[PDB]
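Since the structure comes first, as structure tokens, the remarks are kept for the end.
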Amino acid sequence: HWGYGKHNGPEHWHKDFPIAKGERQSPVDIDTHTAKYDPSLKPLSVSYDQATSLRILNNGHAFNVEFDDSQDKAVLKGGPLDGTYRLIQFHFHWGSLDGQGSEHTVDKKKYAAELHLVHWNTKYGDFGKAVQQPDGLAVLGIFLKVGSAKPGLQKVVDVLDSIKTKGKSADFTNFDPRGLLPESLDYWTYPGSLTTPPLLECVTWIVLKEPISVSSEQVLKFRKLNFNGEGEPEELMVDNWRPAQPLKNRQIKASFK
Ligand SMILES: CCOC(=O)[C@@H]1CS/C(=N\S(N)(=O)=O)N1
Ligand SMILES: [Zn+2]
């Protein structure tokens with residue numbers, strides 16, 4: 001199926017998913033000089049105090065931390081958004097080396113990794129209906145640079161040994177995603193897509209300006225995961241990022257002056 005290798009990676013996805021060559025694909029390079037401050041934006045409201053994490057899953061592409069989204073427990077509102085978007089999962093994309101791994105870039109700079117907090121618009125009732133709508137999802141993207149450790153990441157790191165291979169999962173209750181955020185909520189926003197197949201053009205992207213710092217040891221443990229299943233030849237889960245796509249007829253707006 002689709003993946004990140006030479007034979008099944010981003011250059012191939014368009015054959016099964018022709019929207020890969022669409023008009024609002026993600027990620028993109030964020031040209032900071034060209035992005036424009038938008039006074040009509042609002043501050044982001046990130047309300048995660050009642051978040052209920054459930055489980056962590058190696059899906060063969062990344063690992064997802066899943067949340068109970070049966071009620072408004074962890075939601076994103078404000079900023080460019082109309083209404084309320086419920087957190088369903090978060091995951092990362094990362095590199096084989098510290099100089100690559102992010103999906104979005106900032107003036108062509110690649111970060112070591114990128115966190116995606118995925119939310120769906122409650123006006124559509126369920127995630128599957130939301131990803132049939134142009135305003136169905138909001139993804140909060142956060143860059144990771146290597147430096148000091150991120151304390152709020154360490155519980156994630158420590159469970160990765162138990163989900164090494166594709167299809168493995170583990171309990172992951174009582175995790176607080178507030179501990180993954182930087183201090184500032186300043187952001188860039190643009191309309192885009194999922195960055196994995198099916199590449200659906202349903203996402204309002206909200207990319208924070210301030211990266212979080214994680215330690216070399218934390219990201220090293222991401223790179224010990226496997227793309228393959230148990231008992232199969234080991235292929236390290238690294239370089240699970242899609243490169244920047246054409247901006248086409250889009251403007252990136254900034255929340256900050
Ligand atoms: C429709 C099924 O869900 C997906 O295919 C997932 C949901 S989040 C994502 N890509 S990303 N990296 O843009 O968050 N793909
Ligand atoms: Zn992602």
Side-chain angles (χ1 to χ4, degrees), residues 3-5 9-11 25-32 35 46 56-65 89-118 139-154 156-161 163-164 172 175-190 192 194-196 203 205-219 221-227 234-245 252:
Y4 295 95
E11 296 284 289
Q25 288 292 291
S26 295
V28 298
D29 181 56
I30 301 165
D31 175 340
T32 67
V46 179
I56 189 171
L57 170 67
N58 177 336
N59 62 23
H61 314 288
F63 63 84
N64 291 172
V65 174
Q89 53 104 326
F90 70 77
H91 63 271
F92 303 79
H93 303 263
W94 61 92
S96 54
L97 310 158
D98 293 349
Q100 63 200 59
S102 65
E103 295 206 309
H104 294 88
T105 56
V106 180
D107 295 329
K108 298 298 175 86
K109 178 191 176 72
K110 295 166 168 152
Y111 287 86
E114 186 173 330
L115 166 60
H116 291 161
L117 295 126
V118 180
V139 183
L140 180 61
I142 306 179
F143 296 117
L144 281 60
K145 63 184 210 193
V146 170
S148 300
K150 191 72 164 171
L153 182 57
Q154 187 64 31
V156 174
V157 167
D158 275 339
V159 79
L160 297 182
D161 292 341
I163 58 152
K164 184 180 193 177
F172 205 68
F175 176 80
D176 192 341
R178 296 180 286 184
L180 295 174
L181 307 175
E183 287 179 359
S184 178
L185 293 179
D186 291 348
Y187 63 88
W188 297 283
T189 184
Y190 76 99
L194 305 177
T195 73
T196 65
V203 181
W205 278 96
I206 299 166
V207 177
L208 297 189
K209 174 164 183 186
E210 184 170 13
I212 63 167
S213 295
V214 303
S215 69
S216 61
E217 293 83 3
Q218 290 179 317
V219 67
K221 285 184 182 174
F222 287 16
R223 298 182 185 131
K224 290 175 59 176
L225 289 165
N226 285 182
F227 287 124
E234 185 168 24
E235 190 57 359
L236 292 179
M237 185 180 279
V238 294
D239 294 317
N240 56 355
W241 53 278
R242 189 189 195 191
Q245 302 298 307
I252 302 181

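Position 1 is the first residue of the sequence, and the numbers go up from there.
The closest donor-acceptor contact from the side chain of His93 to the backbone of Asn240 lies under 3.5 Å. Checking side-chain atoms of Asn59 against main-chain N and O of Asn64 turns up no donor-acceptor pair under 3.5 Å. Here the side chain of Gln100 pairs no donor or acceptor atom with the backbone of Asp98 at under 3.5 angstrom. Formation of a donor-acceptor pair under 3.5 Å by the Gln218 side chain with backbone atoms of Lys150 is found in this model. Without hydrogens or angle criteria, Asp29 side chain to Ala244 main chain gives no donor-acceptor distance under 3.5 Å.
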Item checked: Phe63/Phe222 under side-chain contact (heavy atoms from CB on, under 4.5 Å): CA gap, chis, key distance, verdict -> CA-CA 9 Å; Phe63 63 84; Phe222 287 16; 4.2 Å; yes
Check: Between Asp107 and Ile30, does a side-chain contact (heavy atoms from CB on, under 4.5 Å) hold up when you go through it step by step?
Finding: CA-CA 6 Å; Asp107 295 329; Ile30 301 165; over 6 Å; no
Note to self: Evaluate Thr32 against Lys209 for side-chain contact (heavy atoms from CB on, under 4.5 Å), listing each step before the verdict.
What the structure shows: CA-CA 10 Å; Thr32 67; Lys209 174 164 183 186; over 6 Å; no
Next item on the list: Show your working on side-chain contact (heavy atoms from CB on, under 4.5 Å) between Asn58 and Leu160 and close with a plain yes or no.
Entry: CA-CA 9 Å; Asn58 177 336; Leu160 297 182; over 6 Å; no
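Scanning both residues, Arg223 and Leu97, for their nearest heavy atoms gives NH2-C, 3.4 Å. In terms of heavy atoms, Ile206 sits closest to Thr189 at CG1-OG1, 4.0 Å. Contact between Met237 and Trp94 at its shortest, heavy atoms only, is O-NE1, 2.8 Å. Heavy atoms only, all atoms of each residue included: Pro211 and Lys145 are closest at CG-CD, 3.9 Å. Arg242 and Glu103 make their closest contact through N-OE2, 2.8 Å (heavy atoms, listed as atom of the first residue, atom of the second, distance). Across all non-hydrogen atoms, the minimal contact from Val146 to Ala112 is CG2-CB, 3.9 Å.
Between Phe143 and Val106 the shortest side-chain heavy-atom distance falls below 4.5 Å. Looking at heavy atoms from C-beta onward, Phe172 lies in side-chain contact with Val156 at the 4.5 angstrom threshold. Proximity of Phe92 to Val214: side-chain heavy atoms (C-beta onward) are nowhere separated by under 4.5 Å. Residues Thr195 and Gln245 fail the side-chain proximity criterion, which asks for heavy atoms closer than 4.5 Å.
Of the residues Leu181, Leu180, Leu140, the one that meets the side chain to side chain contact (heavy atoms under 4.5 Å, CB included) test with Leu115 is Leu180. Considering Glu114, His104, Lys110 as possible partners of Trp241, the one that fulfils the side chain to side chain contact (heavy atoms under 4.5 Å, CB included) test is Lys110.
The local environment of CD in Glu234 is crowded, with over 12 non-hydrogen atoms from other residues, nucleotides or ligands closer than 6.0 Å.
Evaluation of the side chain to side chain contact (heavy atoms under 4.5 Å, CB included) rule for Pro182 yields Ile142, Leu208, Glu210, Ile212 as partners, not counting sequence neighbours.
In this structure, NE2 in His116 is found 10.0 Å from OG1 in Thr196, a value given to the nearest 0.5 Å.
For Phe90 and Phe175, the ring centers sit closer than 6.0 Å to each other.
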